[PDB]
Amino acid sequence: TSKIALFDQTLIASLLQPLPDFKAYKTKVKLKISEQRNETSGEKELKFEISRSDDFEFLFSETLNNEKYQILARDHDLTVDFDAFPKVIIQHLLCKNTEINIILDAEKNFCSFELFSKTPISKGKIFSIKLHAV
């Protein structure tokens, strides 16, 4: 396989899910970040994967190539390039007292993974990515 594991940790996240109105719980979630070669183009992809032992259906992922990352960087004001992005995010996740929100779709077809680094004035959202059900 071309898959290289970059990060694999159990983290605490806030899980928001509808009942229309949201119910909120802190939950341990396993986050995996890896790099891999796209089988059709051969280009480098980053893969984000989330799971949790509470629910076998709670299995979501998304792959990010350089082009999709450029959209993400534009949308979220990221100042690092695609090459530096996993390194800086992993350094943040292991160094900083960050906050994760996962907003679960009613039918568990997807979730929004949101990473924050709070400041005294604001939520400090770093980025968000839509993860699809596996």
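The first residue of the shown sequence is 1; numbering continues from there.
In terms of unmodelled positions of the deposited sequence, the stretch from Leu19 to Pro20 in this entry skips 4 to 9 residues. When 51 to 59 is weighed against 85 to 93, 51 to 59 comes out higher, by mean CA B-factor as recorded in the entry. The mean C-alpha temperature factor is higher for 36 to 44 when 61 to 69 and 36 to 44 are set side by side.
Considering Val29, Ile102, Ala106, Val80 together, the PDB entry gives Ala106 the largest C-alpha B factor. Among the modelled residues of its chain, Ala5 has a C-alpha B-factor that falls in the middle third, as given in the PDB entry. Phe116: CA B factor in the lowest third of modelled residues in this chain (values from the PDB entry). When the CA B factors of the chain's modelled residues are split into thirds, the value for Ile126 lands in the lowest one.
In the deposited entry, the Cα temperature factor of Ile12 places it in the middle third of its chain's modelled residues.
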